[PDB]
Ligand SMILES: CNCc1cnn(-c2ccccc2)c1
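What follows is a single chain, given as structure tokens, in the form solved without the named molecule.
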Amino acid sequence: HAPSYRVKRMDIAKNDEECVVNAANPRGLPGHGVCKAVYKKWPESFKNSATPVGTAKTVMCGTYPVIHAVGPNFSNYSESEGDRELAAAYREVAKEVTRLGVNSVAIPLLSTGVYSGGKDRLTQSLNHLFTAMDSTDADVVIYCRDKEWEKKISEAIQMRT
């Protein structure tokens, strides 16, 4: 086992990893985008999944862990406070991945969809992902949907190797 990062452009509900990170909202609602796809595939994981901004809460669907990570909605937060909460959400993901003992995890880029406040946050969100996950030994598979984002994420992964 050599821990790795990979990126795939496809629906995270089809992931091939041992657990999934949901781009969750604080109230545990079905939501939109990635969150709604996670709700359709693992609805049982939404039982008592509500948790504050900047935190993560894991709920099992059977034995399959869904890590509900709540990034900030940048429409509501200032750039400085939102940046702090986004970094914090990813730190909580790293703790949960470690506690669960999984060999791999499927992760989306938090706060880059409807919580982005209308801005391109690929680099900001990806760099906070790396800051949290670099010290873990899980294989990390990042899921995206946009063709140009796939290329940019792949370039960012490859240039550190």
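The first residue of the sequence shown is number 1, and the count goes up from there.
Form deposited with the named molecule bound: not shown, discussed below.
- For this ligand-free form, the site is classified open because the named molecule, superimposed from its arrangement in the bound PDB entry, keeps every atom beyond 2.4 Å of the backbone and C-beta atoms.
- Shown alone here, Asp16 lies farther than 4.5 Å from the named molecule in the bound PDB entry, counting heavy atoms only.
- For the chain shown alone, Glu44 is not a contact residue for the named molecule in the bound PDB entry, no non-hydrogen atom being within 4.5 angstroms.
- In the bound PDB entry, the named molecule sits beyond 4.5 Å of every heavy atom of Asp134.
- The named molecule in the bound PDB entry is not approached by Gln124, whose heavy atoms all lie more than 4.5 angstroms from it.
- Annotation for 90-128: interface residues with the named molecule in the bound PDB entry are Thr112, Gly113, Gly118, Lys119, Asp120 [heavy atom within 4.5 Å].
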